[PDB]
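Peer 1:
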Ligand SMILES: *[C@@H]1O[C@H](CO)[C@@H](O[C@@H]2O[C@H](CO)[C@@H](O[C@@H]3O[C@H](CO)[C@@H](O)[C@H](O)[C@@H]3O)[C@H](O)[C@H]2NC(C)=O)[C@H](O)[C@H]1NC(C)=O
Ligand SMILES: *[C@@H]1O[C@H](CO)[C@@H](O[C@@H]2O[C@H](CO)[C@@H](O[C@@H]3O[C@H](CO)[C@@H](O)[C@H](O)[C@@H]3O)[C@H](O)[C@H]2NC(C)=O)[C@H](O)[C@H]1NC(C)=O
Ligand SMILES: *[C@@H]1O[C@H](CO)[C@@H](O[C@@H]2O[C@H](CO)[C@@H](O[C@@H]3O[C@H](CO)[C@@H](O)[C@H](O)[C@@H]3O)[C@H](O)[C@H]2NC(C)=O)[C@H](O)[C@H]1NC(C)=O
Ligand SMILES: *[C@@H]1O[C@H](CO)[C@@H](O)[C@H](O)[C@H]1NC(C)=O
Ligand SMILES: *[C@@H]1O[C@H](CO)[C@@H](O)[C@H](O)[C@H]1NC(C)=O
Ligand SMILES: *[C@@H]1O[C@H](CO)[C@@H](O)[C@H](O)[C@H]1NC(C)=O
Ligand SMILES: *[C@@H]1O[C@H](CO)[C@@H](O)[C@H](O)[C@H]1NC(C)=O
Ligand SMILES: *[C@@H]1O[C@H](CO)[C@@H](O)[C@H](O)[C@H]1NC(C)=O
Ligand SMILES: *[C@@H]1O[C@H](CO)[C@@H](O)[C@H](O)[C@H]1NC(C)=O
Ligand SMILES: *[C@@H]1O[C@H](CO)[C@@H](O)[C@H](O)[C@H]1NC(C)=O
Ligand SMILES: *[C@@H]1O[C@H](CO)[C@@H](O)[C@H](O)[C@H]1NC(C)=O
Ligand SMILES: *[C@@H]1O[C@H](CO)[C@@H](O)[C@H](O)[C@H]1NC(C)=O
Ligand SMILES: *[C@@H]1O[C@H](CO)[C@@H](O)[C@H](O)[C@H]1NC(C)=O
Ligand SMILES: *[C@@H]1O[C@H](CO)[C@@H](O)[C@H](O)[C@H]1NC(C)=O
Ligand SMILES: *[C@@H]1O[C@H](CO)[C@@H](O)[C@H](O)[C@H]1NC(C)=O
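Protein chains in written order, with PDB author numbering: chain D, 1 to 175; chain B, 1 to 175; chain F, 1 to 175; chain C, 1 to 328; chain A, 1 to 328; chain E, 1 to 328.
(1) Is the beta carbon of residue 326 of chain E sitting closer than 8 Å to the one on residue 41 of chain E?
(2) In the DSSP assignment, what are the bridge partners of residue 333 of chain C?
(3) Does the beta-carbon of residue 156 of chain F, which I'm using as the reference point, lie nearer than 7 Å to any heavy atom of ligand 13?
(4) I need the boundaries of the alpha helix (DSSP H) containing residue 66 of chain C, first residue and last residue.
(5) Can you grab the Cα-Cα spacing for the pair residue 44 of chain E / residue 295 of chain E, in whole Å?
(6) Taking DSSP as the reference, what is the three-state secondary structure of residue 93 of chain C?
(7) Beta carbon of residue 221 of chain A, beta carbon of residue 207 of chain C: below 8 Å?
(8) So residue 150 of chain C and residue 179 of chain C are supposed to be a Cβ contact under 8 Å. How far apart are they, rounded?
(9) Quick one, are the C-beta atoms of residue 302 of chain A and residue 86 of chain A less than 8 Å apart?
(10) If we ignore side chains and look at the alpha-carbon of each, how far apart do residue 113 of chain E and residue 83 of chain E end up?
(11) Since residue 73 of chain F meets chain A, which of its residues come closer than 7 Å, beta carbon to beta carbon?
(12) Buried or exposed for residue 80 of chain A, going by 16 or more other Cβ atoms inside 10 Å?
(13) Taking buried to mean at least 16 other C-beta atoms within 10 Å of its own C-beta, is residue 71 of chain F buried or exposed?
(14) Is it the case that the region 150–164 of chain B contacts the region 95–112 of chain B, given that we only count it when at least three CB pairs across the two stretches are under 8 Å?
(15) Could you pull the start and end residues of the beta strand (DSSP E) that residue 16 of chain B belongs to?
(16) Would you mind working out which of E/227, E/229, E/247 sits nearest residue 197 of chain E, comparing C-alpha positions?
(17) Measuring straight from C-alpha to C-alpha, what distance separates residue 110 of chain D and residue 279 of chain C?
(18) State the CB to CB distance for the pair residue 260 of chain E and residue 236 of chain E, rounded to an integer number of angstroms; the pair is presumed to be in contact (CB under 8 Å).
(19) Is the region 4–20 of chain F in contact with the region 139–148 of chain B, if contact means three or more CB pairs nearer than 8 Å?
(20) Buried or exposed: where does residue 1 of chain B fall if 16 or more other Cβ atoms within 10 Å of its Cβ makes it buried?
(21) In whole angstroms, give me the CA-to-CA distance for residue 54 of chain C and residue 200 of chain C.
(22) Evaluate the contact criterion for the region 157–168 of chain A versus the region 118–135 of chain A: three or more CB pairs, one atom per stretch, below 8 Å.
(23) Which residues in chain B sit within 8 Å of residue 63 of chain E, going by Cβ to Cβ distance?
(24) Give the straight-line distance between the Cα atoms of residue 74 of chain D and residue 106 of chain C, rounded to the nearest whole angstrom.
(25) Cα separation between residue 24 of chain E and residue 21 of chain F?
Pasting the structure below:
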């Protein structure tokens, strides 16, 4: 999509994530873990329902209209009755076809956008303590135990706490 | 919107900014202060007028048409006259309804985009001398007096001038 | 467009690039040189053909319809025959006019997006070895000969190889 | 801030999105089929097969068309003063009374079908000097010969068919629909036998319109024993106007008026069974649900229905792109 | 570059956008109401209440419909040879001359209304052996009895009425509209008194069309003293063709032709006052401005008008999302 | 990883996009003209000027309209039993036989044009007591006087003209179209000379419809020597029904039926030359290619054609924004 996250810099999706649409997987001192992100999942879901409801909005009701099927050949006025309905139908068919094309396009970029926003938001929080391995994974340069991972995910991580550790550990020169 | 700046990483808007749509507030060596950005304000305004004019474009003029109100009951041909106009009206109503929905959606993301582009543009200019506090604010790591702030804003800031200062001041290890 | 790369942070296009839509120009101790990127060119071209085909999709065929030209004055039923076709035509004209407006808008942002994705992708690969001069150009902080430039472009650049060099060379403090 | 640690390590955090093993292809502006995690059908394409009898008054015509129900074919006498939101005409329907034709049948079927009521009021017309209540063996009512319950066939009294000239004022505050007709005899002998004069005439007028029909003598195809035809006509009379019927032969006189009302009633041809359920959208194929925005069941609908479209499936993606790691 | 500073500090730069205390909700693809900084109304929903007399020729019909103005009802003689871009018919309009009816009134009102001129040319028809200029007390012109200024009622000369057979060539290069009629007497006595023959006939032809009407004798409702009616008909004659009128009774003859033109003229029913102002879009409710793209005032419009829509407000956001600090 | 180097340098990598010197302006949602690298025309605006004779059966009417080809004007005898996907009527077309008129010409031109065949079957009608095969010098067939090949003008036998009353059952399984007419004499003498009775009548019926026309006597404009007219009528007879023709004067009798079929045939008026090429979309202006989605050549089309639009150019950008090195 437009942002290049889903099916982009994130090589693929996780079939394993059964509890949300976007989320985190980590390796840290205490082991490996996975966890769904609920705020971005709710954001993508709310917008998709938003558009879904606007489409499922009010059916117009019509009662006595014109006849659309004929049993005899009449000529001029029947030819018109047929033309009015056939042109109404192609105009409404074009309309449905463009609607789901536009809508579908926008839904793939909207969810692409939410993946990207979670990523960026996570990036900003880690400040100088992590580097982007460029595949959706941040390498954190300091010991980050499971509570550290929970603070990043619940959004309370304080970068200053580990800045000196991370920074030292990051700008090591030695080969 | 799609970029996550407005109503995103920028927690809210400033009612105080009466002179432009996007802008800077600063805290520094000789006070606090605010200033509208005119290039990004003009960019957002021009695009919004651009679409506004295309919508306010040519009314079609019509003269003798068909009758749309009747005083007697006639049956078949009147039934058709009513059906033609009722189907024209619902098709144009759908049309106005989809037009402002698409348009409005695009205007919220367009102005979201311009906020993001100003932010990114400012980021690129500060090079290694500032860090993103992740809330729309850059922390500049060197003494930046009011002329320094006006050079960032008018776009002439030379990062090299303060790079050694900032860099030293930035990668301090001491707790 | 929405991403601010084309006609944005990249001041202009290269008329010289005859072999692709997006690409690279470099100056390194061996020399200067240019090369088209084929994956992003193919990505932009495929999406543009994608939409082009969907538009060039099935013509509907119609055979006996209503008369659209008259040689005598008849009154009520002819007035209707004229109104049905005139309203069909304005509805299809609106339809073509909105279609290319939406489409064209989306194509300028789609190609804006691909420029930005190439840029970002290149950024992620260079890790801590380059800095963004903010005008579409990365400054690489280590000796990068032509094979080094080919590895970045063909996407196999190993940042670790030159990290210590680049990093040292980057965070030099001396004026 | 904290003190120098004795361990030096790093961690890996990776952001990602879900994916499903299955996944639906959907259309896009740049793609004809692209796979998303989930989608919804926006085209309703199946009917139940039955017209739900609720919420609209659905009147089953059974083996009566609305025009025979209006005229009062004996076999349709069941519908007298009936009322409907939707009159359903069945293809099995037949007529079984004097052969008639309705020049502009289609408007009379329309304007009655929209009125939605068949309430008839008998007015005291006085036909002076003519024999009332004629009937025919082509329209038996019981063992006897008969005629449409709502029309009155006038034949001469004795040596004369006078010039009938009668009036009926519209003193009420609603429009009155009058159905009347004229008899086209098979032969010149039939003409003179029944109406004396060699050429009848019917002029029916209000102070704003008038129609004169003269009969047409000639053999037509045998239908229920008859080679003659009657042709039906209608006259709406607005409040405060007057009906004047002038004729000196072949008049099939009205027995009063049908009330006309403005409503949401229509007529539909369907052999779908009526069943007990509630549904708002009716289609000749039976009812259909109106939860989706578009339907493809039939272009003929009555009620709160989805816009008919040509496509028979149109999937709105309700999920992100599906990019699985295993695949299948 | 510069030398070691004796001070070491940092600064804060924050980017942000404006917000307004008020702010308008607008519709979106994903939201039904979301608040933006500013918006514009795209549906025009109010009229001034007056039809502006400029730029179009608006002809007030006052108490004349266009067909009475055409036929030449005495009380409409003011409109002779008038011209219009929009003829406005008032609901107060009445007729006051011989009771007539126009079978397919609606097309005659249309094709004259579109022509936009009532310019009449008198042609020298010669009616031989019949009395010209008949009139009626149901159509007074002054103290006298009279008739439509543009029609000529032919009755018997002395004691007989001949077969009229006249011709008028279209030698000009434009189409000529001829309005003519036929008189349906109330009684057989009235017929023979006026036209001698017991049944008249009118055949009006060109070399490409012909119409024969035979009168219809019978009582109709008293309208201005009359139980008879005349019915109006029209014949357009193309350049180089010929009108031939043949009749042996009941002809209401033409006095010449109306010019027909191709234009942008129409007719509208409105009791809106005409006032002096300029406006391009006219509606039965008065003029409306055409700065917005859609209007909801009336579906009947004439001129450069907004597309009529069902919605009565549709706001286009002309600003970013409004996310306030201090609030309202 | 590697060992400390003796050179210390940097490199510059710059990303960029192409640009073209020329470039096309295109419309946008926010811009009326903005320049892109490349675009495509979506509105087809030119015709070749010739109707391609392939893939559809295009039948050139030459100087015959379809109705004269149907009736059998001598000069159109070439079209007998012809067949078409598109009948092309030329403006040069003329008629050259007895002056006729077709009340509701437009439907008869339509329903034949859609049927697409003129296959005629002669049925053995027996006209008893009347002279068959009348003709006229206004319709010469060869040196002789003549008449429409498909109609049969019945005149009296010496002294009398009987009441014709004939039947023709539809025993086949398809609908049969019968074209018939009636003769309107110029004078009462012409009437009695030809048909004896002073007023003829035609009633043509099936068991589901009936039409009675009575002739109209009067002078009309001289066309090919005649002041009389015949008027054409049609009766479709469904399988299993019966045609009954009853008349005692002025009948122009049918000689059998035209087959009717359901097809994709139509009629078009065009003076475009037919030429040999293949094209699916035909327009009065000649064929046009249907590669583009919209066309602006003509709103009248037949076949697989682009949707007609008002715009005459509509460019779809197929490239990025064009931002050249030395801006253009
Ligand atoms: C004019 O011509 C038609 C056709 O020649 C004549 O109609 C035919 O008339 C006879 C009776 O006279 C009808 O016979 C009937 O047959 C039915 C069905 O089998 C039967 O149930 C009845 O008991 C009766 O015997 C015959 O069907 C009818 N045919 C048609 C097509 O209508 C008509 O009599 C002629 N008219 C005159 C006045 O000469
Ligand atoms: C056929 O029947 C109608 C109704 O019975 C007869 O019409 C009526 O004729 C009388 C005069 O003979 C009309 O009277 C006048 O009416 C006006 C309006 O109220 C009034 O101002 C006069 O002073 C006078 O009373 C009466 O209105 C009229 N009614 C209608 C409904 O038209 C007609 O005369 C009969 N015709 C024949 C030839 O027998
Ligand atoms: C009723 O009035 C019309 C017009 O006065 C009469 O029609 C005219 O009749 C004459 C013959 O009697 C036609 O003459 C012919 O002209 C053509 C063209 O030059 C010529 O080729 C013939 O040899 C002949 O001379 C004349 O055209 C015709 N005019 C029109 C407009 O039809 C008609 O005769 C009158 N009818 C009666 C029964 O009195
Ligand atoms: C986040 O997680 C930490 C443990 O890592 C916990 O102490 C804190 O309360 C959590 N904050 C929120 C908002 O859940
Ligand atoms: C930017 O501001 C500086 C002072 O900080 C001033 O000297 C310079 O001229 C300004 N440049 C522009 C383009 O306004
Ligand atoms: C990339 O370029 C290097 C030389 O710089 C070469 O050895 C390598 O094989 C190339 N890889 C690909 C995928 O082309
Ligand atoms: C697919 O989308 C529809 C509409 O949003 C929803 O009812 C359904 O639950 C979705 N499927 C899943 C597996 O979430
Ligand atoms: C029809 O309704 C009218 C009005 O109430 C009534 O007088 C008449 O008898 C009714 N007839 C039947 C059969 O219901
Ligand atoms: C509905 O009815 C029409 C006419 O009987 C038929 O052609 C159509 O296929 C039917 N569709 C469904 C879903 O039953
Ligand atoms: C709101 O938008 C309209 C159209 O752009 C403009 O005329 C008006 O000035 C705007 N309001 C403000 C406060 O800018
Ligand atoms: C109507 O116009 C014609 C043509 O100029 C003229 O001869 C005639 O007298 C006019 N009548 C009136 C009342 O203006
Ligand atoms: C305009 O006129 C119509 C008919 O009189 C009325 O229903 C409608 O409400 C009016 N609208 C306005 C804005 O006056
Ligand atoms: C312009 O676009 C059309 C359609 O994509 C293509 O045929 C043509 O080659 C393009 N022009 C160039 C120079 O690529
Ligand atoms: C027309 O077709 C019918 C049926 O085959 C045939 O009998 C008749 O002779 C044909 N006439 C001509 C001229 O082809
Ligand atoms: C096509 O034909 C119509 C009618 O002859 C004409 O007005 C139109 O301009 C023509 N267009 C072209 C492209 O030939």
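The beta-carbon is built from N, C-alpha and C at its ideal position, and this holds for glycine as well.
Peer 2: Looking at the coordinates:
(1) no
(2) Here chain C covers residues 1 to 328 and nothing more, so residue 333 of chain C does not appear.
(3) No, the beta carbon of residue 156 of chain F sits no closer than 7 Å to any heavy atom of ligand 13.
(4) 66–71
(5) 4 Å
(6) coil
(7) Going by C-beta atoms, residue 221 of chain A is nearer than 8 Å to residue 207 of chain C.
(8) 6 Å
(9) yes
(10) 10 Å
(11) Per Cβ cutoff of 7 Å: 111, 236.
(12) exposed
(13) That one is exposed.
(14) no
(15) Counting along the chain, residue 16 of chain B falls outside any beta strand (DSSP E), and DSSP gives it neither H nor E.
(16) E/247
(17) 36 Å
(18) 7 Å
(19) no
(20) buried
(21) 49 Å
(22) Contact annotation: the region 157–168 of chain A touches the region 118–135 of chain A, with at least three C-beta pairs closer than 8 Å.
(23) Result: empty, since nearest Cβ-Cβ is about 35 Å, beyond 8 Å.
(24) 12 Å
(25) 16 Å
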